[PDB]
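> Before I ask anything, here is the structure I am working with.
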Protein chains: 2
Amino acid sequence: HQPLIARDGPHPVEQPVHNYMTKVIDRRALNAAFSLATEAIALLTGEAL
Amino acid sequence: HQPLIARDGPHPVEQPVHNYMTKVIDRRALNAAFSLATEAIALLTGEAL
């Protein structure tokens, strides 16, 4: 909500208006960081015990 | 072992890696020699008194 200043004489008279702006939200996604091998998967469960 | 980041978008997914290396020790040798004086050996060992 903007202010203004009274202005004399030959200048035209100003009047207050306002600004309401809208902005969207961007979407960002990331992915990382995991892997395994078969010799463990046999050994971590059931099979190779 | 190494740490990872969690890259986003048009790239391969970063996967965790570990690196094992084997490095071998070294053998060296030092030396010094105090050759002892002939008659003085007889003078210290006895049988010249």
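Every chain in the structure tokens has a letter given in the order shown (A, B, ...), and although residue numbers restart at 1 in each chain, ligands are simply numbered from 1 in the order shown.
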Give me the chain B side of the contact with chain A, cut-off 8 Å, one line per residue showing its nearest atom pair and distance in Å at one decimal, counting only C-alpha atoms, sorted by chain and residue number, as a Markdown table.


| residue | atom | partner | partner_atom | distance |
| --- | --- | --- | --- | --- |
| B:4 | CA | A:33 | CA | 7.0 |
| B:5 | CA | A:32 | CA | 7.4 |
| B:6 | CA | A:32 | CA | 5.0 |
| B:7 | CA | A:30 | CA | 5.8 |
| B:8 | CA | A:30 | CA | 4.1 |
| B:9 | CA | A:30 | CA | 6.7 |
| B:13 | CA | A:32 | CA | 5.6 |
| B:14 | CA | A:32 | CA | 5.5 |
| B:15 | CA | A:33 | CA | 4.7 |
| B:16 | CA | A:33 | CA | 5.7 |

> Let's see if you can do this: from backbone DSSP, list all helix (DSSP H, G or I) residues in chain B, as a list in words.

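For chain B, the helix (DSSP H, G or I) set is residues 38, 39, 40, 41, 42, 43 and 44 of chain B.
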
> What would you get as a short mmCIF file (atom, residue, chain, number, x, y, z; two decimals) with N, CA, C and O atoms, in the first residue's frame if chain A were moved onto chain B by least squares over all of its C-alpha atoms in order?


data_model
loop_
_atom_site.label_atom_id
_atom_site.label_comp_id
_atom_site.auth_asym_id
_atom_site.auth_seq_id
_atom_site.Cartn_x
_atom_site.Cartn_y
_atom_site.Cartn_z
N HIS A 1 35.26 -43.60 3.07
CA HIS A 1 33.86 -43.72 2.68
C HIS A 1 33.36 -42.36 2.24
O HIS A 1 33.25 -41.44 3.05
N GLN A 2 33.04 -42.24 0.96
CA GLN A 2 32.83 -40.95 0.34
C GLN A 2 31.38 -40.51 0.49
O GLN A 2 30.49 -41.37 0.57
N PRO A 3 31.11 -39.22 0.59
CA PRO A 3 29.72 -38.76 0.53
C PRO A 3 29.35 -38.46 -0.91
O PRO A 3 30.18 -38.60 -1.81
N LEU A 4 28.10 -38.05 -1.12
CA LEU A 4 27.71 -37.49 -2.41
C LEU A 4 26.51 -36.58 -2.23
O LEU A 4 25.98 -36.42 -1.13
N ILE A 5 26.09 -35.98 -3.33
CA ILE A 5 25.02 -34.99 -3.34
C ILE A 5 23.98 -35.40 -4.37
O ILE A 5 24.32 -35.78 -5.50
N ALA A 6 22.71 -35.36 -3.96
CA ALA A 6 21.61 -35.64 -4.86
C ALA A 6 21.55 -34.62 -5.99
O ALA A 6 21.74 -33.42 -5.78
N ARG A 7 21.28 -35.11 -7.19
CA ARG A 7 21.43 -34.31 -8.40
C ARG A 7 20.18 -34.46 -9.24
O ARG A 7 19.69 -35.57 -9.46
N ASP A 8 19.65 -33.33 -9.71
CA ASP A 8 18.32 -33.26 -10.30
C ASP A 8 18.40 -33.44 -11.81
O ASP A 8 19.46 -33.28 -12.41
N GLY A 9 17.26 -33.79 -12.41
CA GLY A 9 17.03 -33.58 -13.81
C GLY A 9 17.77 -34.53 -14.72
O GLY A 9 17.88 -35.73 -14.46
N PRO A 10 18.33 -33.99 -15.81
CA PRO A 10 18.85 -34.85 -16.88
C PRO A 10 20.16 -35.51 -16.54
O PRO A 10 20.62 -36.34 -17.33
N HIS A 11 20.77 -35.17 -15.42
CA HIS A 11 22.00 -35.82 -15.02
C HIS A 11 21.72 -37.27 -14.65
O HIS A 11 20.62 -37.57 -14.16
N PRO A 12 22.65 -38.19 -14.88
CA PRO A 12 22.43 -39.56 -14.42
C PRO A 12 22.61 -39.63 -12.91
O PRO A 12 23.29 -38.81 -12.30
N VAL A 13 21.97 -40.62 -12.31
CA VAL A 13 21.95 -40.74 -10.86
C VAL A 13 23.25 -41.39 -10.41
O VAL A 13 23.74 -42.33 -11.03
N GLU A 14 23.83 -40.86 -9.33
CA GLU A 14 25.07 -41.39 -8.77
C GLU A 14 24.74 -42.38 -7.66
O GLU A 14 23.62 -42.40 -7.14
N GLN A 15 25.72 -43.21 -7.30
CA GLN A 15 25.55 -44.20 -6.24
C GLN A 15 26.85 -44.35 -5.46
O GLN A 15 27.94 -44.21 -6.02
N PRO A 16 26.79 -44.60 -4.15
CA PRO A 16 28.03 -44.67 -3.37
C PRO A 16 28.80 -45.95 -3.59
O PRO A 16 28.22 -47.04 -3.60
N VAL A 17 30.11 -45.83 -3.78
CA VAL A 17 31.02 -46.95 -3.61
C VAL A 17 32.14 -46.46 -2.70
O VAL A 17 32.12 -45.32 -2.22
N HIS A 18 33.12 -47.32 -2.46
CA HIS A 18 34.11 -47.06 -1.44
C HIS A 18 35.48 -47.40 -1.98
O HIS A 18 35.60 -47.95 -3.08
N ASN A 19 36.51 -47.06 -1.22
CA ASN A 19 37.87 -47.38 -1.61
C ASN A 19 38.61 -48.01 -0.45
O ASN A 19 38.62 -47.48 0.66
N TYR A 20 39.25 -49.14 -0.73
CA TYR A 20 40.10 -49.85 0.21
C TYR A 20 41.44 -50.09 -0.47
O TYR A 20 41.57 -51.02 -1.27
N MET A 21 42.43 -49.26 -0.15
CA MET A 21 43.73 -49.42 -0.79
C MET A 21 44.70 -50.03 0.20
O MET A 21 44.57 -49.89 1.42
N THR A 22 45.69 -50.72 -0.35
CA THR A 22 46.69 -51.48 0.38
C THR A 22 48.07 -51.03 -0.06
O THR A 22 48.29 -50.81 -1.26
N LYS A 23 48.99 -50.90 0.88
CA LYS A 23 50.35 -50.48 0.55
C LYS A 23 51.36 -51.26 1.37
O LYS A 23 51.11 -51.58 2.54
N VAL A 24 52.50 -51.58 0.74
CA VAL A 24 53.53 -52.38 1.37
C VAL A 24 54.46 -51.51 2.21
O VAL A 24 54.42 -50.28 2.16
N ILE A 25 55.31 -52.17 2.99
CA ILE A 25 56.29 -51.49 3.84
C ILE A 25 57.69 -51.71 3.28
O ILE A 25 58.08 -52.84 2.99
N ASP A 26 58.45 -50.63 3.14
CA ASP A 26 59.81 -50.68 2.63
C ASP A 26 60.77 -51.09 3.73
O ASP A 26 60.49 -50.93 4.92
N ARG A 27 61.92 -51.63 3.32
CA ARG A 27 62.92 -52.17 4.24
C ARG A 27 64.22 -51.40 4.09
O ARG A 27 64.83 -51.40 3.02
N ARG A 28 64.65 -50.76 5.17
CA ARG A 28 65.85 -49.95 5.14
C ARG A 28 66.72 -50.30 6.33
O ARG A 28 66.25 -50.39 7.47
N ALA A 29 68.01 -50.47 6.07
CA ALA A 29 68.95 -50.89 7.09
C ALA A 29 70.23 -50.08 6.97
O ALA A 29 70.65 -49.72 5.87
N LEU A 30 70.85 -49.82 8.11
CA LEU A 30 72.03 -48.98 8.21
C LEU A 30 73.07 -49.66 9.09
O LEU A 30 72.74 -50.59 9.81
N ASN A 31 74.31 -49.19 9.02
CA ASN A 31 75.41 -49.82 9.75
C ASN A 31 76.57 -48.85 9.94
O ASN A 31 76.93 -48.11 9.02
N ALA A 32 77.18 -48.88 11.14
CA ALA A 32 78.22 -47.92 11.46
C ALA A 32 79.10 -48.23 12.67
O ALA A 32 78.83 -49.15 13.45
N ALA A 33 80.19 -47.46 12.78
CA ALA A 33 80.75 -46.89 14.01
C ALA A 33 81.62 -47.71 14.96
O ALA A 33 81.70 -47.35 16.13
N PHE A 34 82.35 -48.74 14.52
CA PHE A 34 83.23 -49.41 15.47
C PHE A 34 84.49 -49.94 14.81
O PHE A 34 84.45 -50.40 13.67
N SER A 35 85.60 -49.89 15.55
CA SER A 35 86.90 -50.45 15.16
C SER A 35 87.83 -50.53 16.36
O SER A 35 87.67 -49.77 17.33
N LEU A 36 88.80 -51.43 16.30
CA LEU A 36 89.84 -51.57 17.31
C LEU A 36 91.17 -51.94 16.67
O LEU A 36 91.23 -52.24 15.47
N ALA A 37 92.22 -51.94 17.48
CA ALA A 37 93.57 -52.22 17.01
C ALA A 37 94.23 -53.27 17.91
O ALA A 37 93.88 -53.40 19.08
N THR A 38 95.22 -53.97 17.33
CA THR A 38 95.77 -55.18 17.92
C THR A 38 96.48 -54.90 19.24
O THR A 38 96.35 -55.67 20.20
N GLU A 39 97.21 -53.79 19.31
CA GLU A 39 97.94 -53.40 20.52
C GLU A 39 97.03 -53.17 21.71
O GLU A 39 97.48 -53.31 22.85
N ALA A 40 95.77 -52.81 21.48
CA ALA A 40 94.81 -52.73 22.57
C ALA A 40 94.28 -54.11 22.95
O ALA A 40 94.09 -54.40 24.14
N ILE A 41 94.05 -54.97 21.96
CA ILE A 41 93.40 -56.26 22.18
C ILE A 41 94.31 -57.19 22.96
O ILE A 41 93.86 -57.99 23.79
N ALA A 42 95.61 -57.10 22.71
CA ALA A 42 96.58 -57.71 23.59
C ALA A 42 96.53 -57.13 24.99
O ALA A 42 96.75 -57.85 25.97
N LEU A 43 96.24 -55.84 25.11
CA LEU A 43 96.44 -55.14 26.36
C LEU A 43 95.17 -55.09 27.20
O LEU A 43 95.24 -55.04 28.43
N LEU A 44 94.01 -55.13 26.55
CA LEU A 44 92.75 -55.09 27.30
C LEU A 44 92.42 -56.41 27.97
O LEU A 44 91.53 -56.44 28.83
N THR A 45 93.08 -57.50 27.60
CA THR A 45 92.73 -58.81 28.14
C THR A 45 93.93 -59.75 28.12
O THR A 45 94.60 -59.91 27.09
N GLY A 46 94.22 -60.34 29.28
CA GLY A 46 95.03 -61.54 29.36
C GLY A 46 96.50 -61.32 29.12
O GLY A 46 97.33 -61.52 30.02
N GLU A 47 96.84 -60.94 27.89
CA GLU A 47 98.20 -61.00 27.38
C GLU A 47 99.17 -60.02 28.03
O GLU A 47 100.13 -60.44 28.69
N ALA A 48 98.94 -58.72 27.87
CA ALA A 48 100.01 -57.77 28.11
C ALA A 48 100.04 -57.26 29.55
O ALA A 48 100.82 -56.36 29.87
N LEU A 49 99.21 -57.82 30.42
CA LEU A 49 99.29 -57.45 31.82
C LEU A 49 100.54 -58.08 32.44
O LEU A 49 100.76 -59.29 32.34
#
